[PDB]
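A single chain comes next, written as structure tokens; it is the form deposited in one PDB entry.
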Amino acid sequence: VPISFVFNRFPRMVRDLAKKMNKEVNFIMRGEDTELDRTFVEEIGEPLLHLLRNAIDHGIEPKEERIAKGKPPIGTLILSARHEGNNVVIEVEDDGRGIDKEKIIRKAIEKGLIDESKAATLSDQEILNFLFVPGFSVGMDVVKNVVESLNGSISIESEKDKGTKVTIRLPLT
């Protein structure tokens, strides 16, 4: 199945959400012809939608806040799919405000998931992965559960004020 059967529904939904939330978003899709098992195509839509919503809502900042930060007033949201060996890699990237990793550590300490003493040397991926913990902050836990149900993997990378990339790796078949 080409993944375009899902991707093609997104531009309108993104531009709807952006206008509702008062943001200017250049939405770019790449690799929409990428083919994989239709089971994957069918199930990956709802998780992807959540990731695109996350990016527009929590990631891209309103135009007035972009310009106050000296960023381009228009935000960029990229959804891509590509073959990597016999896997498919789907990426959702924004140039928004990024994930505050210090906030994640503070909340992890607050909720008793970790000791303050350990936090000073925690890895970035270890920190970002708290986002998949169900209480923490469909949610991101459910996105991870769907991916893992498909024998896939998910990762997050982010940098404050620069933006966020979520990568999903699925088997072809």
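One rule holds for the numbers: they count along the sequence shown, beginning at 1. Only residues modelled in both forms are compared. By rigid core we mean the largest C-alpha set that fits within 1.5 Å across both forms.
There is another form of the same protein, the form deposited in another entry; it is not shown, and what comes next is about it.
Core-based superposition between the shown form and the other one shows that, of 124, 57, 46, 35, only 124 has its Cα displaced by 2 Å or more.
Relative to the superposed rigid core, residue 143 undergoes a CA displacement smaller than 2 Å between the shown form and the other one. The two forms, fitted on the rigid core, differ between the shown form and the other one by 2 Å or more at the CA of residue 102. Core superposition between the shown form and the other one reveals the following runs of 3 or more residues with every CA shifted by 2 angstroms or more: 100-124, 134-137.
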